[PDB]
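Colleague: I would like the atomic coordinates for the input below:
(chains A, B, C, D, E, F and G)
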Amino acid sequence: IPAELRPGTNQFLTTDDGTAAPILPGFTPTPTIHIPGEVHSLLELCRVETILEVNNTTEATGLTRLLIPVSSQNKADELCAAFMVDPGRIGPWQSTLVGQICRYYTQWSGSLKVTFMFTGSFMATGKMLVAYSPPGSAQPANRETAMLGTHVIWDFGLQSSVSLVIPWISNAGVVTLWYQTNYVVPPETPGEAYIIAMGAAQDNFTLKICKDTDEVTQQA
Amino acid sequence: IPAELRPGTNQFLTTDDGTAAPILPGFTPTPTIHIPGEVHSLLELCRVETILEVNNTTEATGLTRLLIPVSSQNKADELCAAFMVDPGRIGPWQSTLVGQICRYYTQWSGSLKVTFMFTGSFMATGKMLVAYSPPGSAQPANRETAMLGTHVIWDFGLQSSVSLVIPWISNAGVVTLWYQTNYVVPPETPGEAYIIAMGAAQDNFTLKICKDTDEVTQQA
Amino acid sequence: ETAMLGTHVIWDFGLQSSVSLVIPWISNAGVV
Amino acid sequence: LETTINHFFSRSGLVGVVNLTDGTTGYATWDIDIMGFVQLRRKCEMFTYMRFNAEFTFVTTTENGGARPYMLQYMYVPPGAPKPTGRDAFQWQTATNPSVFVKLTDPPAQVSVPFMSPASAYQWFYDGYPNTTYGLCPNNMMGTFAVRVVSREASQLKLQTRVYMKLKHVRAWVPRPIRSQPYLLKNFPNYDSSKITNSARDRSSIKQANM
Amino acid sequence: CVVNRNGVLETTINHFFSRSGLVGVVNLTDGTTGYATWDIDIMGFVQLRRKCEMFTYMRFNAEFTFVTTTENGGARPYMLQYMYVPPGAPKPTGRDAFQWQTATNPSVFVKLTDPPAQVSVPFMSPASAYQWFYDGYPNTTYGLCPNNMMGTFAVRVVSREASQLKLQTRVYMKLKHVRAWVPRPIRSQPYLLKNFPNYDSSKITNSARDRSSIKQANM
Amino acid sequence: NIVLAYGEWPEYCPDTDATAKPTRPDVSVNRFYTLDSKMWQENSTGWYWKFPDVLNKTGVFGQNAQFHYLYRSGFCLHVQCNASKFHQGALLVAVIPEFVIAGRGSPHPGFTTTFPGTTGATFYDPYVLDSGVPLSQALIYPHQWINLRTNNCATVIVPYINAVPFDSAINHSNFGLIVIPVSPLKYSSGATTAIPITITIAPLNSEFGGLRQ
Amino acid sequence: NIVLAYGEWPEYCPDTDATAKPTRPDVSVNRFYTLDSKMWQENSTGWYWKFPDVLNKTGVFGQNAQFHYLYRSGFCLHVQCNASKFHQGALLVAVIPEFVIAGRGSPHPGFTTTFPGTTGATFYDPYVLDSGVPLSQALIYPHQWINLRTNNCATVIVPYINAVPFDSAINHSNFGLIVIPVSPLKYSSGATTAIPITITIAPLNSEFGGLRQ
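Modeller: Residues are numbered from 1 along each chain as shown, chains lettered A, B, ... in the order given. Sure, the structure comes next:
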């Protein structure tokens, strides 16, 4: 039978799907078993809650970087902590998991939730204000110009942990954390506590074109 | 019609299953007949009982290496003979058949049986103890620490040959042979005998990746 | 270590305020 | 379609470089290990049990560039057989070692390897003992390649050969977090605790969101 | 360590011979004869000899491959000739005699730069199967079976000019549709003659190394 | 309340091969073992153990893991701590399979570094888990917070996670249990300094096969 | 009791070609021939024979294997030995097809070395069977133990094992019969020194074709 040869004769093109020949014909692999875990796809890693670095200033060292300090020498409206919402830009999100796999996968989109929880004694009680800012403008300046945003009033009596849903970030959005009332202790109780911050992704989180990473530097 | 050429153009890869051209077209082979034997697979060789070398010390020579001597100058509990269960490691199993094909076939697993039989006069009678040790630890030391194992009490009056089943060796397990009672002869009878040892494999004996052998050394 | 292999009953003070223990069949020699 | 685990390993990359230099040994051995470069090492240690075939490609040049026609030999050793010692020893004529004879002017060779472990899957962490016997698993031995030029004449070539790798039908079982500290040893996670890199750069204070 | 089982696809008799190996080396050296003959015999190396004497009657086709280099390595283009002689025809004598132009001898013309040639041979014996042991007489006429003659190959370079090449050619062999009939034990003693089982009884190798005594299981 | 690792409910053998045979022990081995209780202070740094290595030379189960060389079981960890309402700080309970202590200083680790015994070992680098893995990403694993203002128990059920369906119980080690104080502990002066932490371990469906000595 | 080699029950021709013809002899040739009886001592080493070479120049069957050049038969070997209950030692009966005496000393063997006649030949190297094959592996073949404390007969039925369905009966040789004393013989003093061994051979379904002279 006749045939011709187009361009593409002897090219070894990577990212290929053509098969090849086996080197050990007739060989049987050892038969599989049933093992727990069994990740079908990488998307069910990046929706599991991880611990976010916030207080990575100079002085904080070791394990203490994770915590956010809240003291009782604060008056009202003193702007406890703040950090951008940017999964992949270098900063607070760099220690979490969803900030790592997004160093692959050039573009991304979806929704993120942010969970806080508290590490104080059982007696104490103080209210906090968790405000989100839209990604067009800068951070708020006072307590009045944040309460007009997307605040979620959170106290310590009933609830011990609160969440917050950021809708639809893209490939630029600042959360803040204000004081509503100074931290009230009973006598004979240390008037300091820590607030850790947790983060993950929602279900409509998608990725795109693969790209090799940058954080690891050397070779061999 | 168009076509392309992938990698794998002109490679002569051994262990191949592609056909070739006949050099004598139209030729007929001479027609086969029915002949006895007809081995379908090598597994029905290595389940046929062969004779095991045990007493391959220095002094034993020629045909006598096969035999195990049992004398009548022995008291109780004197540990007549012993050998490891290791089909392929160099030693007692090297003269048998199932110790030869396992020098091919890199990994193996299955169960082995060991058959003994006796070559004494009709009058004599003495009991023996055939104990197996598990492959974790070393050999037993006394008669008491072997009877707690997997003993099979064997005498000479009723039975003349006994078997023993080793379960599931792998790719390290010592059988022993104790005296329970000294060898009792009548008068005018030689008080020495020999015990040969036979070995084979059970039905769940499997093999794996082929490998060329080592015992034959030269070339051409 | 050589008592926890016996007939221990772990008892705390948060939930429970009183605990019991049953000795089976003494006769006419057993230490708690 | 692109975030799945089959596509996450599917594209091919470099894994090794060997040198022949026949003038003077005359061959080059090379072990099969995917822990060659840190870029593929950091990905594949996100899991603990994997199961996957492979397929390779040998792309060779000369030192100058002019590819005169010759005939090489890419052998393969299943784990358990002795490696070659000289260029003319009797380990080049056995029947258990599949050979691949390819010229130089032809497009590069290609060959696949099935899954070759007695366990149900590979392991990348093994806690225990089978000091130096710690963490050396006997169930990752995969083989060698032992490139050798074919002649009678001891030609004066000086070659370099690259090995590319692709994975197929990958099934991964349990996750684990990504390593942050750099590497010191090839087969041990030691990390030089005299100095520790951080996971985030510093900034001015805690009250300034602008970095 | 190993608890599961394995398969029976690999212990079969068809797979036990299926992979290919070296069987021969010839030399041309045209400057000065100009050709090289080589008999068909699988009893060339001891590695394939020790396997195939585990049986007594076999029946199997074959297929070969000729892989050639030069002495230095530079493969200039030429044109060779791999002939074949069915058993009964006279072998070649010179490089230009009239046994190179017959019609009963199938020829294969292949260059050097091409990938290597490949050709198969059907089963060629008047008996129903081959034999590897034949007790009797058809002193030197003992044990020479007239039913293993398979042929030759007689490699010859094609020219008019008597080129100055110095070549080396290897022959690989693969077996197909193997059916073996009756077993026999594996030979332990080394080999002395190519076609006789003689074994030099002045010294006998043993089948197991010695040890200390009979009461010490640790070797 | 309880946290079930990976959704398994661990079971017996799936009609395995090379068992004709393997014994199933009675409720003489299904009892709640209680290990020793450590002390957690202001400057403490962490603890870990190994399984099934901390249960050896102990009880009836010690008299089966050293006379059998095939093993399979699943465990029920029950971590509990007791403290009054005037203390603060938060623990972290994590059950990590294939836990490898690396070693430090540019030098392999010793024997008692990697096999601790009943008294568990301590860390030196709690920030990187002594394997070069940051604690910020360390909650992929089955985890459960002990937070001293809300709850005081943390129940984890662990199935048999292993490649070969029967391994030994002396050389190999299935997993480990880390307990890391994320928050530091502070308290007003005059009260108790140390706060204990106790454990409770009970085997679920342990099998054994193959006898020694 | 009896041992049937390879499961055959040997039969006649399978409607072969180039027979129009081949005769089927009567019960004048189906009688139990009895060869001579050797003597087995303390220092004896072995015996062997050849078939159908030990039946030539003997009886009616001798007057057909030398006047026909096509042959096919199957045999019924019946080895029997007689000894009292005060002797010991064990024989070995094996029927090996294609039995080749090799030759020794680094030199082809003679005529009476390889074709013994009625009085069978002896070995020189019983450990390697005079072919470089160890006796340890030598029980793949149809074998049957004669053990002097249990039994005294060993019955072997042999079919026609050959490549070409008709061969000659003078030059070719189908198989052989080896008898090797594995155990040495010992006995208390005063009794009989030598113990005999006798054979019995009977053809089953012998055919003949093509006549000479």
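Colleague: how about the strands in the chain?
Modeller: Defaulting to chain A. Assigned by DSSP state E, chain A shows strands spanning A:50-51, A:68-71, A:81-84, A:108-118, A:128-132, A:152-154, A:161-169, A:174-179, A:192-201, A:206-207.
Colleague: looking at chain F here, not the other one
Modeller: In chain F, strands defined by DSSP E lie at F:3-4, F:38-40, F:47-51, F:68-72, F:75-81, F:93-97, F:143-144, F:153-158, F:175-179, F:195-198, F:207-211, listed in chain order.
Colleague: what's around residue 170, how many residues?
Modeller: Looking at chain A here, since you left the chain open. 10 (other C-beta atoms under 10 Å in any protein chain shown). (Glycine included, C-beta is placed from N, CA and C.)
Colleague: wait, I meant chain F there
Modeller: Neighbours of residue F:170 under the rule other C-beta under 10 Å: 18.
Colleague: Name all residues that make contact with it.
Modeller: Residue F:170 makes contact with F:56, F:65-66, F:69, according to C-beta atoms under 8 Å, 6 or more residues apart in numbering or on different chains.
Colleague: Please convert the strands of chain A to TSV, extending it with distance to chain D and mean neighbour count.
Modeller: Shown next, in TSV, are the strands of chain A (distance: least, C-beta to the nearest C-beta, whole Å; neighbours: other C-beta atoms under 10 Å in any protein chain shown):
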stretch	distance to chain D	mean neighbour count
strand A:50-51	9	22
strand A:68-71	8	17
strand A:81-84	4	21
strand A:108-118	10	18
strand A:128-132	12	21
strand A:152-154	19	16
strand A:161-169	15	14
strand A:174-179	5	21
strand A:192-201	12	20
strand A:206-207	5	16
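Colleague: partners of the spatially most central residue of chain A in the sheet?
Modeller: The residue lying closest to the centre of chain A (C-alpha atoms, centre = their mean) is residue A:199, at 4.3 Å. Note on residue A:199: beta-bridge partners by DSSP bridges are residue A:50, residue A:114.
Colleague: How about residue D:100, nearest residue that isn't a chain neighbour?
Modeller: Of all residues beyond its chain neighbours, the one nearest residue D:100 is residue D:74 (4.4 Å), with distances taken as C-beta to C-beta, 6 or more residues apart in numbering or on different chains.
Colleague: Closest to residue F:31 out of the contacts of residue F:170?
Modeller: Proximity of the contacts of residue F:170 to residue F:31 (C-beta to C-beta) peaks at residue F:65, which lies at 15.5 Å.
Colleague: In this model residue F:55 seems to touch that closest one, though I could be wrong.
Modeller: Yes. Between residue F:65 and residue F:55 there is a contact under C-beta atoms under 8 Å: 7.1 Å.
Colleague: how about the longest helix seen in chain F, does it reach chain C?
Modeller: The longest helix of chain F (DSSP state H) is helix F:59-65. Yes. For helix F:59-65 and chain C, the contact criterion (C-beta under 8 Å from any C-beta of the partner chain) is met by residue F:59.
Colleague: Report the contact partners of residue 90.
Modeller: As the question left the chain open, I've gone with chain A. D:200-201, D:211.
Colleague: I was after chain F.
Modeller: A:119, F:145-148, F:181-183.
Colleague: 6 Å instead?
Modeller: A:119, F:147, F:182-183 (C-beta atoms under 6 Å, 6 or more residues apart in numbering or on different chains).
Colleague: Same check on residue D:103?
Modeller: Going by C-beta under 6 Å, 6+ apart, residue D:103 touches D:69, D:71.
Colleague: Dump the contacts of residue A:90 into JSON lines; add neighbour count, secondary structure and distance to residue G:29 as well.
Modeller: Output for the contacts of residue A:90, formatted as JSON lines (neighbours: other C-beta atoms under 10 Å in any protein chain shown; DSSP: H, G, I helix; E, B strand; the rest coil; distance: C-beta to C-beta, whole Å):
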{"residue": "D:200", "neighbour count": "19", "secondary structure": "coil", "distance to residue G:29": "104"}
{"residue": "D:201", "neighbour count": "10", "secondary structure": "coil", "distance to residue G:29": "107"}
{"residue": "D:211", "neighbour count": "14", "secondary structure": "coil", "distance to residue G:29": "112"}
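Colleague: in the chain, which spans are helices?
Modeller: If you meant another chain, say so; for now it's chain A. A:144-147.
Colleague: think we crossed wires, I meant chain D
Modeller: Going by DSSP H, chain D shows helices at D:38-44.
Colleague: Chain B contacts on that one?
Modeller: D:78, D:80-81, D:90, D:94-96, D:98-102, D:106-110 (C-beta under 6 Å from any C-beta of the partner chain).
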